[PDB]
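Asks: Kindly generate the corresponding structure for this input.
(13 chains)
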Amino acid sequence: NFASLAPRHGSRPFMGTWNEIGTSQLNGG
Amino acid sequence: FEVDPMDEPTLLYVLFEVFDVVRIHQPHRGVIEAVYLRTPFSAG
Amino acid sequence: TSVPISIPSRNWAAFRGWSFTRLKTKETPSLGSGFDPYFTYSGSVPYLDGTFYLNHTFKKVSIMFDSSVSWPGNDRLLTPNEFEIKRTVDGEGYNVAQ
Amino acid sequence: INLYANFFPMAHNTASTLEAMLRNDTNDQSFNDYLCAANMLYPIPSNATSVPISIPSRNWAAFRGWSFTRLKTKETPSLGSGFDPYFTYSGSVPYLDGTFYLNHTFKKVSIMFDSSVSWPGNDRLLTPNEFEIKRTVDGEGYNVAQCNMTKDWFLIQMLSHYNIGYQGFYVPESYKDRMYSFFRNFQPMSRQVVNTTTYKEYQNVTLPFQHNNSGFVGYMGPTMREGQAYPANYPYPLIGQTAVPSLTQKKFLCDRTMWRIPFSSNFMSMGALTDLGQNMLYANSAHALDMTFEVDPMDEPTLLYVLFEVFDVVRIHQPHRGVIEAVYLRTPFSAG
Amino acid sequence: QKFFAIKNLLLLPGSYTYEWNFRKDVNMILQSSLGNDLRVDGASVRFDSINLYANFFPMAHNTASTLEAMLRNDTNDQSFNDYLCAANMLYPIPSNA
Amino acid sequence: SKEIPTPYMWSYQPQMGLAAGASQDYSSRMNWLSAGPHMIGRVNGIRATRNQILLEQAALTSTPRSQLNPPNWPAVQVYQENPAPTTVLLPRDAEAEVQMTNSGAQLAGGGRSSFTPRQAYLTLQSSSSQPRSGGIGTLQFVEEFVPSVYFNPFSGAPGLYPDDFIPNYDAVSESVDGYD
Amino acid sequence: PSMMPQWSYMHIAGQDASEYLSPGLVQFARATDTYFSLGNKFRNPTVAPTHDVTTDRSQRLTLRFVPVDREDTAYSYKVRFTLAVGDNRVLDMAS
Amino acid sequence: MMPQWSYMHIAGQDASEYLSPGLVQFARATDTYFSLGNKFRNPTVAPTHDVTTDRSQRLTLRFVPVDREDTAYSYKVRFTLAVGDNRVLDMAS
Amino acid sequence: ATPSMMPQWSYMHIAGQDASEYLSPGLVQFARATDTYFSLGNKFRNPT
Amino acid sequence: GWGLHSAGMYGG
Amino acid sequence: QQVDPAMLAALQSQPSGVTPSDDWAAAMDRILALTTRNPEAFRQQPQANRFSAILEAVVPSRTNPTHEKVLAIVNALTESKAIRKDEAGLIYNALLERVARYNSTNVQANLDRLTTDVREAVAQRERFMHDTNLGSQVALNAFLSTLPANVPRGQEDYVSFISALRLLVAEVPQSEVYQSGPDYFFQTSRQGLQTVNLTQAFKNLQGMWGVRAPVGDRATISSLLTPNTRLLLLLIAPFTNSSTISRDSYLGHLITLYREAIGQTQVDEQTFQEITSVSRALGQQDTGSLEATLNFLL
Amino acid sequence: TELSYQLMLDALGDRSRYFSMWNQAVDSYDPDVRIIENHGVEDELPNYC
Amino acid sequence: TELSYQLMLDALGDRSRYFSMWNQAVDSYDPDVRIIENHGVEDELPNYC
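Replies: Numbers count the residues shown, from 1 in each chain, chains lettered A, B, ... in the order given. You can find the structure just below:
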């Protein structure tokens, strides 16, 4: 779960979106 | 509506072409008897 | 320049159509009396004679039931919301009858 | 004069499906205006304040609100004509541009449905029978931000653009203060005119005798300079131990946008048709309005540009190839 | 009104006593471009009248009566932080220390 | 009077599509006031037929519901539009057409094509993704909302009256949303 | 044309734009999000809901007290207010 | 599509999937303080199969007036724009 | 009200649940629906 | 979102 | 839409998240890590939200249900329309002042008795929505204690007609009778038409129960019957079998023939459902899809 | 509708950016004309020719 | 609190933009006065009267 790492907003941990795992920054992409 | 304006006050005139009849009737001598009707713009 | 007029909701059952024209103020009796002292003109009353002379002073004539279904029918004419009496200005050549 | 219609290269097996998906009577595109207005003008003849209007009674099915402004006759064409004589003016027409600059020259809005009951809508505001933007007199004080705009008006308007004013007040956002919007325009200001009637030594001077910078700037115009080095005379100093008394007078600056009167209970922008335009009272009868305005007396012939903003949605489709259809609607005021 | 417990607050109805003390210190009500000595020159603020200017939201009484009969409980029971959550000491430093 | 009532005719709402509150029929009445006994018992014998035709029409045609003039119609009791699925003729299947250009032949113009023998064509659904609710059309108001013949009129408790005959009344608020 | 009201034949009110389109188009309208824009033409309506969102009681929209117990002081200035919000009309205290 | 690229993750499987799902689980927790979203090569494909044409369509094509007509104050163009069976015009362009 | 005995670190919602959680569902449904026009979300203490 | 058609008139 | 009012009191005054102050058996259920869905979810919370739950669970708080028990009463009074809905923010502002003024051990246990009979002894309100003696049984048993039981002609069918009329207001929950003015009425529905003048119907039917009329007489009862009596016999028609008034009374020319008239429309509506669905199956003018349709059915 | 393509371009994207194809310019005085933000002069010095 | 609200609007509102009714503004120099960005003068011309 790794719930003891996220900075929790209250009781629910702050789990980010799914685009926050990779990147696609090319020139014109 | 939309009219050509003139100087004088000119009261407009719609003739609602409505529907009118009569039914006169004489059951006995000395009496005449008539149910009018005009629908729409009627009166009971 | 224009009057809009609204008559309230009503049974339009045996209805047949419309007719309209224009009359001067000093042509008509007030019709609630058998003596109108505002009738000081004495010539050829079109409310009574049926002899009208303001037939040519009109433009767009709109007929809309409940202010939202326009009546020529469902966009049956060359303008979907009016009966154009007299297109005076320019534009298309809708003007017929010279 | 030509036409440069760019096409998109849709492939033939996905263009023809798009040709025959949108062919149906339920995909069936729909547009409207952005402004969506019933634009009609009203003349203000020759320094007149009260400019009433009484449209005859009709439906108000999802009316969205008023929006008024002002503009001159000389600076505005009547676009019913394709060619407009008696029109010699050639810059920033307020009727077309979004140029608006006489909005601060305006006094009151009174709205009375059926000429019977006033509309704030069940006595919302402070003086309920009318809207008061310009409180010139003192009275008791409804003023906002050191101009003569009233809190009577500061709720119906500042909240109409931004939905801000019941919670608190703040710099509205960064993404809602558009160039043709209110808050970037609203620039209140004030000055102090030297008093007349609390002392004796106030004798005003006219421009041929009103002078400073004497001997260094030319007399009455940009000509060459002449005269004598000499003490200044016109500005009665409101500074320091001279301490001449002073009236106050103030005005506000709202150009470039029109005033807005929304049509709702809390006056907010809760949607397209509010709860007021939705109800069975305004959607089932006829209602006139004796909406009278009073303005500042201006000398040039002035038009008054009320836009009754109503819906303007157009439904279009193409039922066969080569055939286009378009059913129009503008409710209310649904005619020309 | 900048105080954190009454910056935001949802007043369920009643009559609320709202004592307040204002300032007539002309020395520190008027910011200067100079940083001079005010109150020795002769500037003087005065107070004619002070009126509360509350704006009310119209909330329906099918709705607000199911709002003023919920927040009376000890679990809806609102709570506010202050910003900076300040604590200010002002430790002195004398004369080129 | 109470026994042979002149029927409450409705009014159509073109915007919302609901019923705009009914009204007494005041534009079809005979002027029987100038009539003796042999016709005012005949005129009342006419209205007693249109108050029986309108009750043998209200059973054949109208949907049996509790709230006459409802504010939000359900999905199934409103006429939908389900046309045929649109058969789309795809011109040129590109599974073997992109191979022809990569061989070197540029194409132009446009079985259906000579270089490929096959021609597939697809069909797709032409109805909406969800059926429609909230407001009936004009022809549904032709069908339903026959003029309600209201016998022994206004003869009961408050709230037991037909409150939707008032042409101002919200059906789910017990109140006119008036000027506010 | 006539099967529907005018506020649903125009979608002034009514249904979401993802609701009255054919399912062939909604799977297409999201498949060309990037290059061929189609979020332009299909008219999401907003309704601004009635039926007990806002008042009916003719509330005073905003009002303006006068100070009870005001007094002068050469350094301070002390007032109070009996802001009496009565039975209703909740206040947000930041406005 | 060509597994000298799918190993390189030039194209094919995206960053939420060729990472081990423990590590996708890791960085969705940690973005507020320690973000490793700069390190893992999310690819895009820009698909074929009926997006761009083949069969000699002109992209932009200049239309024309037929029978312009003149008054001293106006000018009345008269176009015949047409598109056939394909190339569905946007009309904002 | 009653001095309801609690820790200081949960009666002031410093270490506690959220406006999603410690509030009543009849108020969270109210705070989610009125979020468009009548905001009251800042009053109910999101802690970290 | 992904797609998510819109319609905004005067005074949002 | 709900059945019980105290559940809405438990929905407007309880914490949605699980707390050990009120629901200890669910808060301790997840501290010890013994749960089916997501068991290992309490170790990975830090020292903030462990000690703020693990201290409060092994020794609970002691809260006050005074503010919660009154919402199970104030809601139970506004469900039954005893109070206006615009008003419950005043009475809870007055009951909470009341039960904190005169508070005791008794009143805190006397409210708790009263939040149970608005739950399980409010089943009478579930009862007479079904038996509808709101206004249908005990308001009509005054009407049957008004009519004279001594009818000269037809003594037996008089007390079988009203025996079939008491069944009418019993098998229908919506219908009700009432006292307005010196006469009783009967409406077949709330928000409903077809009000019969029930006093001016049985006075018309008095002196009528025995006629033995022939079958060649139709247009006589314009001076004998009344159209609401002709409509009351329409409303008694579906709940009247063939053994009530047998064959040869004039009501046998009326009640049996009214069931045939209802028997026409209860199968011709199915015919009318077919015709209005085949006008769009072949393509037909929807204006002319009802003019010729009704004329075939009337 | 001539006014209606104005006042939409404002509330669609940026307004104060000089597009030249369709000539999407603005009409905006600088605020030193409609407002005379009046400073006096910052002189305090004699300079000499 | 008088300092606390003073940079509470800094996180919530666009701080540089003015507002007259709260009298909400920003006491702020321009950084060519506190920090002299010296370049010398726009010379290279004998400029005459």
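Asks: Only C-alpha atoms from now on, for both contacts and neighbour counts.
Replies: Will do.
Asks: Could you list the contact residues of chain F toward chain K?
Replies: Contact residues (Cα under 8 Å from any Cα of the partner chain) of chain F with chain K: F:3-4, F:56-57, F:59-61, F:66-68, F:139, F:143, F:148-153, F:155-157, F:159-163.
Asks: Please apply the same query to chain B.
Replies: Contact residues (Cα under 8 Å from any Cα) of chain B with chain K: there are none.
Asks: Skip the chain neighbours and tell me the closest residue to the residue of chain G most remote from its centre.
Replies: What lies farthest from the middle of chain G is residue G:74; by Cα atoms, centre = their mean that is 47.5 Å. Spatial nearest neighbour of residue G:74, chain neighbours left out: residue E:24 (7.1 Å); criterion: Cα to Cα, 6 or more residues apart in numbering or on different chains.
Asks: hang on, the one you found packs against residue E:46?
Replies: Yes - if you go by Cα atoms under 8 Å, residue E:24 and residue E:46 touch, sitting 7.3 Å apart.
Asks: Next, work out how far apart residue K:18 and residue I:23 are.
Replies: 11 Å (Cα to Cα, to the nearest Å).
Asks: Check residue K:196 too.
Replies: Distance, residue K:196 to residue I:23, using Cα to Cα: 54 Å.
Asks: Also residue E:59?
Replies: The gap separating residue E:59 from residue I:23 is 21 Å, by Cα to Cα.
Asks: Where does chain A get nearest to chain F, residue-wise?
Replies: Closest residue of chain A to chain F, Cα to the nearest Cα: residue A:29 (25.6 Å).
Asks: Now for that residue, how many residues are close by?
Replies: Residues near residue A:29, counting by other Cα atoms under 10 Å in any protein chain shown, number 8.
Asks: Am I right that it sits in a strand?
Replies: No - under DSSP: H, G, I helix; E, B strand; the rest coil, residue A:29 sits outside any strand and is assigned coil.
Asks: Could you pull out the strands in chain K for me?
Replies: K:176-180, K:183-187, K:196-197 (DSSP state E).
Asks: which secondary structure elements does the first one contact?
Replies: So that's strand K:176-180. Strand K:176-180 sits against strand K:183-187, with contacts defined as 3 or more Cα pairs under 8 Å, 6 or more residues apart in numbering or on different chains; DSSP states H and E.
Asks: Within its sheet, name the partner strands of the strand it packs on and how each one runs.
Replies: Strand K:183-187 has the following strand partners under DSSP bridges: strand K:176-180 (antiparallel), strand K:196-197 (antiparallel).
Asks: Return the most buried member of these.
Replies: Mean neighbours per residue, mean count of other Cα atoms under 10 Å in any protein chain shown, is largest over the strands paired with strand K:183-187 for strand K:196-197, with a mean of 24.
Asks: ok, and what's touching the longest helix seen in chain G?
Replies: For chain G, the helix reaching the highest residue count under DSSP state H is reported as helix G:23-29. For helix G:23-29, the external contacting residues (Cα atoms under 8 Å, 6 or more residues apart in numbering or on different chains) are D:21, D:27, F:124, F:125, F:126, F:127, F:128, F:129, G:18, G:38, G:39, J:3.
Asks: if we can go back for a sec, compare residue K:18 and residue I:23 (neighbour count), which wins?
Replies: Counted by other Cα under 10 Å, residue K:18 and residue I:23 do not tie: residue I:23 has more neighbours, with 25 against 19.
Asks: Can you tell me the SS state at the more buried one?
Replies: For residue I:23, the assignment made with three-state DSSP gives coil.
Asks: can you pull the contacts of it?
Replies: Here residue I:23 is in contact with E:75, E:76, K:14, K:15, K:16, K:17 (Cα under 8 Å, 6+ apart).
Asks: Go ahead and confirm the third one touches residue E:75.
Replies: Yes - because the distance of 7.0 Å satisfies Cα under 8 Å, residue K:14 is recorded as touching residue E:75.
Asks: Neighbour count for these two, which is higher?
Replies: For residue K:14 versus residue E:75, neighbours defined as other Cα under 10 Å are more numerous around residue K:14 (23 against 16).
Asks: show me what contacts the more buried one?
Replies: If you count contacts by Cα under 8 Å, 6+ apart, residue K:14 has them with E:75, I:23, I:24, I:25.
Asks: residue ranges for the strands of chain E, please.
Replies: Taking DSSP E to define them, one finds strands in chain E at E:14-17, E:20-23.
Asks: okay, now residue G:69: neighbour count?
Replies: 11.
Asks: I figured it hits residue G:79, correct?
Replies: Yes - shown here, residue G:69 and residue G:79 form a contact pair, counting by Cα under 8 Å, at 5.6 Å.
Asks: Got the phi and psi for residue 28?
Replies: Chain wasn't specified; assuming chain A. Note on residue A:28: backbone dihedrals following degrees, to the nearest 10 are phi 80, psi 60.
Asks: wait, I meant chain B there
Replies: Here is the backbone geometry of residue B:28 (degrees, to the nearest 10): phi -140, psi 160.
Asks: these two touch, right, residue E:23 and residue G:74?
Replies: No - at 9.5 Å, residue E:23 and residue G:74 do not qualify as touching, with contact defined as Cα under 8 Å.
Asks: returning to that earlier point: how about a markdown table for the strands of chain K, with distance to residue F:42 added?
Replies: Shown next, in a markdown table, are the strands of chain K (distance: least, Cα to Cα, whole Å):
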| stretch | distance to residue F:42 |
| --- | --- |
| strand K:176-180 | 32 |
| strand K:183-187 | 28 |
| strand K:196-197 | 24 |
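Asks: hey, where'd the strands end up in the chain?
Replies: Chain wasn't specified; assuming chain A. Going by DSSP E, chain A shows no strands.
Asks: To clarify, I was referring to chain I.
Replies: With strands called from DSSP E, chain I shows none.
Asks: List the buried residues of the longest helix along chain F.
Replies: Identified as the longest helix of chain F according to DSSP H is helix F:37-57. Buried residues in helix F:37-57, counted by 16 or more other Cα atoms under 10 Å in any protein chain shown: F:39, F:43, F:47, F:48, F:51, F:52, F:54, F:56, F:57.
Asks: Stretch I:5-16 too?
Replies: In stretch I:5-16, counting by 16+ other Cα under 10 Å, buried: I:6, I:7, I:10, I:12, I:13, I:14, I:15, I:16.
Asks: Ok, stretch G:17-28 next?
Replies: Quick answer for stretch G:17-28 (16+ other Cα under 10 Å): G:17, G:18, G:19, G:20, G:21, G:22, G:23, G:24, G:25, G:26.
Asks: Same question for stretch K:146-163.
Replies: K:151, K:154, K:157, K:158, K:161.
Asks: tally of neighbours for residue K:133?
Replies: By other Cα under 10 Å, neighbour count at residue K:133 equals 19.
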